[PDB]
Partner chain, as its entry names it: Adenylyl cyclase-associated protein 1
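Next up: just one chain, as structure tokens, the form solved without its partner chain.
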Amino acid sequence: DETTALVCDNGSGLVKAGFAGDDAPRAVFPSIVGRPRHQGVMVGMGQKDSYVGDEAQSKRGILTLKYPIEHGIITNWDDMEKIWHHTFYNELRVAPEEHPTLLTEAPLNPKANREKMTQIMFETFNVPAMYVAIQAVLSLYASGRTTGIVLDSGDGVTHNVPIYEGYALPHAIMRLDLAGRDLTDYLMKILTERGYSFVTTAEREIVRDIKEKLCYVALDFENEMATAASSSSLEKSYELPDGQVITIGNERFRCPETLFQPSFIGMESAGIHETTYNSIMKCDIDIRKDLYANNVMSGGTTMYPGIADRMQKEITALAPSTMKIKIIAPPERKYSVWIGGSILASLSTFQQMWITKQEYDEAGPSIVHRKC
């Protein structure tokens, strides 16, 4: 495509990338760089120093896999440039020199994370203009709403942004460094109870697939525990890559329950239901009622079966009995940040919001803090 914007949701777990004005991301792949563990022994092949995304998942038995993003912060900048080069050259197949690029970020991130995204886009990729949107603000453009509280959860961050009539309330923004990778590390810990030992970075990706397929949220957790103690009716099974069958029971709701009980992974924080209610209770007069009725959910760790019924129950239990608690959890919610980023980057009134390379030449990487 010739003159469109690029929208690139660089989440902690997956890169989701595409053009603005599309319905969905063209490239969706793991936010992973993989490097070989072993020495190559047939000196007769083109073997890379490193592999990215779906190259690396196909190779992963011989690789060690590393995520450059952890808790929404780019911890390795060489591996992140390898991911962005793969995203543009291999996956989208674009010159980024020709496209304004919308990036996304969690709220309450280190300021250095935007400045280095900015510096790398203008100095390395020679992007003509660039912007960094807050991820939970994007899921409202996808929802067709000016008002709502948004729970967004990815691989590394859960965050709660309340917005009323198009205004964000930045004192009421909650952030929880607990999401999909934390629930995966806790499922690897739980799986040891049946003797299934997963420890390598490739086995972390096997357990990530178990969580994505078998796990669900209990409507009443103690009644599901009582049901799993007294029957096999909650047990399911999983063929591992080498043909071994796992069988799993209460492990499949104890993993997701860590969202409602952060103390399972040793954290002191309130659960996602309390964090959502506490973010509503930080807000103004007429606006509490409209946040309860527009409680939007976003990002991949909101995809467990039953999590909207659990959230609607737990928030109904905290809020007044006359409030209409209503949870917006669409089927497409796994891509809601990218979908909403496609809308933002398309809007006529957004086209003056971009940081142009002229503005980055006048003032250095610190330009993001004025513009975004």
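Numbering follows the first chain given and starts at 1.
Omitted here: the form solved in complex with its partner chain. The next part is about that form.
Enquirer: Although the partner isn't part of this model, could you tell me whether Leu103 comes within 4.5 Å of its partner chain in the deposited complex, counting any heavy atom of the residue?
Expert: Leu103: no, not in contact with its partner chain in the deposited complex.
Enquirer: Do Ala202 and its partner chain share at least one heavy atom pair within 4.5 Å in the deposited complex?
Expert: Yes.
Enquirer: Give, in sequence order, every residue of 54-79 that has a heavy atom within 4.5 Å of its partner chain in the deposited complex, or say none if there are no such residues.
Expert: Going through 54-79 in order - heavy atoms within 4.5 Å of its partner chain in the deposited complex - the hits are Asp54, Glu55, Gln57, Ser58, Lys59, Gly61, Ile62.
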